[PDB]
Amino acid sequence: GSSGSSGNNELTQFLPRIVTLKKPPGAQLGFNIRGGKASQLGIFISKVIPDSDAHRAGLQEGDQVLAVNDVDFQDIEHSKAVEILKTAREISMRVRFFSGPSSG
């Protein structure tokens, strides 16, 4: 199953956002994913096509992918992360700010 929240909310602070993609007919994600081999690492926005749904969705090299379509992306293979996204008709992963206000 799948459940969400409807209405209206806008309080950016430290909450994970939802980057949903529609993906047009004849598209290909529009970005790559890095991190993940065997250890665990994480699935982050390796690269984003400068003219894709993600680029528009507001994706930025760094937006860590917590989970994708419920499935967690904390301990998953790269290919899987690539496959899932692809296979998955509709992309709906959980991302969140993974960078402080410039340490120092």
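So that you can map any letter, position 54 of the sequence shown is 54 in PDB author numbering, and since no number is skipped, the others follow by simple counting.
Ideal Cβ positions, reconstructed from N, Cα and C, are used throughout, including at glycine.
- Determine the burial state of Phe-44: buried for a count of at least 16 other Cβ atoms within 10 Å of its Cβ, exposed for fewer. buried
- Leaving out five residues before and five after residue 141 in sequence, what residues of the same chain have Cβ atoms less than 6 Å from its Cβ? Given a span of 1 to 104 for the chain in the structure shown, any question on residue 141 remains unanswerable.
- Measure the alpha-carbon distance for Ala-88 versus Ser-102 and round it to whole angstroms. 35 Å
- Item | Close-in-space but distant-in-sequence residues of the same chain around residue 136 (CB under 6 Å, 5 per side omitted) | Outside the displayed range of the chain (1 to 104) lies residue 136, so it cannot be described from this structure.
- Taking Cβ positions, are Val-48 and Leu-59 nearer each other than 8 Å? yes
- Could you check the C-alpha separation between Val-95 and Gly-26 for me, to the nearest Å? 25 Å
- For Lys-80 versus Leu-29, is the C-beta spacing smaller than 8 Å? no
- Query: Does the beta-carbon distance from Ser-92 to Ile-18 come in below 8 Å?
  - Reply: yes
- What is the rounded straight-line gap between the Cα of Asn-69 and the Cα of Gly-7? 21 Å
- Item | Reduced DSSP secondary structure (H/G/I, E/B, other) of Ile-43 | coil
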